Amino acid sequence: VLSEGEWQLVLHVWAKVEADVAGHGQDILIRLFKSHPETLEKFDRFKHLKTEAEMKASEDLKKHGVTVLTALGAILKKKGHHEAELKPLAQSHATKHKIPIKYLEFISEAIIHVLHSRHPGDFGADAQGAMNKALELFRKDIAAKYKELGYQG
Ligand code: HEM
């Protein structure tokens, strides 16, 4: 599992995310959409945005970034005891939203990219390994729930 020392690395940088949840949400979602355009087509709410400036100017997009980060945070502060938290999320993402596991890999990479950009003194290799570990545990757990439900395995 993550060691206590790994968990402290993850939560130290996540407390700096919290100082600007909206801004980090925006940057994470923009990166995802520009690097992996197919992901934007999942969002009836956002599929009209074509350019990076249009994405930056959308207030609703910045709201959904907060939604996302606020749920991610709540999961992380459980330190792996996130069964309750995860269960509604994998349920909607398998059945309603239909989000492949691979696209959760891609938002994982955009999280780490942004955190590197924003927090390089608090996001050395040590903390980057720890963050990667904690995002891989989130994906493993959700993947287990998708399998159970019979969504892309
Ligand atoms: C850190 C990873 C992610 C977290 C914590 C997250 C969290 C959430 C939450 C809390 C909601 C609203 C409640 C719900 O319907 O469950 C939501 C909705 C949604 N998410 Fe996720 N999500 C993540 C990744 C993704 C990815 C990678 C995509 C697409 C590529 C996606 C697509 C959606 C869509 C389409 C909605 C509904 C938005 C709307 O129409 O209101 N999510 N997400």
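So for chain A, numbering is Swiss-Prot's, and the shown residues are 2-154, in order.
When the header is checked for method, it gives X-ray crystallography, 1.4 Å.
Backbone N, Cα and C define each Cβ position, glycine as well.
Quick look at what Swiss-Prot lists:
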type: DOMAIN; residues: 2-148; note: domain 'Globin'
type: MOD_RES; residues: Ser4; note: phosphoserine
type: BINDING; residues: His65; note: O2 binding site
type: BINDING; residues: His65; note: nitrite binding site
type: MOD_RES; residues: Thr68; note: phosphothreonine
type: BINDING; residues: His94; note: heme b binding site
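For the domain 'Globin' (2-148), DSSP puts the residue distribution at 116 helix, 0 strand, 31 coil. The sparsest Cβ neighbourhood within 10 Å, among the listed binding-site residues (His65, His94), is found at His65. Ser4 (phosphoserine) and the residue listed as 'heme b binding site' are 28 Å apart (CA-CA, integer value). In the structure as shown, the Cβ atom of the residue listed as 'phosphoserine' sits within 10 Å of 10 other Cβ atoms. Within 10 Å of the Cβ of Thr68 (phosphothreonine) there are 10 other Cβ atoms, across all protein chains. The residue listed as 'phosphoserine' and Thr68 (phosphothreonine) have their C-alpha atoms 28 Å apart, to the nearest angstrom.
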